[PDB]
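Remarks on the structure that follows.
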Amino acid sequence: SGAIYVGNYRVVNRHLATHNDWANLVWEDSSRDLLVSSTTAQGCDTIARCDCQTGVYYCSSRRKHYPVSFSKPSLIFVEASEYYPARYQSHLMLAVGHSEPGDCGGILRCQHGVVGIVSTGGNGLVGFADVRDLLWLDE
Ligand SMILES: NC(=O)[C@H]1CCCN(C(=O)Cc2cccc3ncsc23)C1
Ligand SMILES: [Zn+2]
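Each residue of the sequence shown is one higher than the one before, counting from 7 in PDB author numbering.
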């Protein structure tokens with residue numbers, strides 16, 4: 007679990023969104039596994055606006071932060087689950103590292119701010135849904 011709170015927005019994994027998230031929906035994209043809902047309180051998370059390929063992510067399954075090199079956001083095949091059929095997930099970035107299903111929502115950050123959230127994993131690789139292109143999250 008985990009979310010990004012920026013201004014009057016809450017960013018979560020679309021497959022983990024609540025009834026409250028859907029009742030206050032702003033935007034969702036199943037191809038990216040993202041959902042953004044409105045909030046009443048302000049959020050102060052800084053979103054990174056960069057092309058960094060190194061950062062640190064939180065891994066709840068180890069209660070630890072790990073440093074990683076990660077690929078540029080791209081279309082990557084993701085196997086079926088109780089949430090989605092087999093498909094290509096866009097805006098996805100991979101890194102060599104540990105993750106487990108309950109690790110989704112863990113934040114990836116560089117020196118500039120929040121880069122994305124854990125969304126996929128398996129085979130010693132962790133996938134992060136990028137959020138750096140969502141310029142509207144600030145304005
Ligand atoms: N975005 C999706 O389509 C995901 C929906 C939930 C299931 N997905 C996984 O990758 C499961 C998983 C297994 C093993 C490590 C792992 N680490 C994070 S999730 C994860 C795919
Ligand atoms: Zn950066």
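Cβ coordinates follow ideal geometry from the N, Cα and C atoms, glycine included.
Close-in-space but distant-in-sequence residues of the same chain around residue i (CB under 7 Å, 5 per side omitted)
i: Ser44; result: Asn14, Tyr15, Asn30 and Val32
Contacts around residue i, its chain only, beta-carbon distance under 6 Å, and the 5 residues preceding and following it disregarded
i: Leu131; result: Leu100
Where residue i falls: helix, strand or coil (DSSP)
i: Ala92; result: coil
i: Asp109; result: helix
i: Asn14; result: strand
i: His25; result: helix
Contacts around residue i, its chain only, beta-carbon distance under 8 Å, and the 5 residues preceding and following it disregarded
i: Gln59; result: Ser75, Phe76, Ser77 and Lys78
heavy atom of ligand 1 below 7 Å from residue i C-beta
i: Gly122; result: no
i: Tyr90; result: yes
i: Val132; result: yes
i: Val84; result: yes
Residue i Cβ short of 7 Å to ligand 2 heavy atom set
i: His104; result: no
i: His97; result: no
i: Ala101; result: no
i: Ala54; result: yes
Beta-carbon spacing of residue i, residue j below 8 Å
i: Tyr63; j: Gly112; result: yes
i: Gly49; j: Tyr11; result: yes
i: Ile53; j: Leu143; result: yes
i: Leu41; j: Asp27; result: yes
i: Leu98; j: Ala135; result: yes
Those residues which DSSP pairs with residue i across a bridge
i: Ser67; result: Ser67 pairs with nothing; no bridge assigned.
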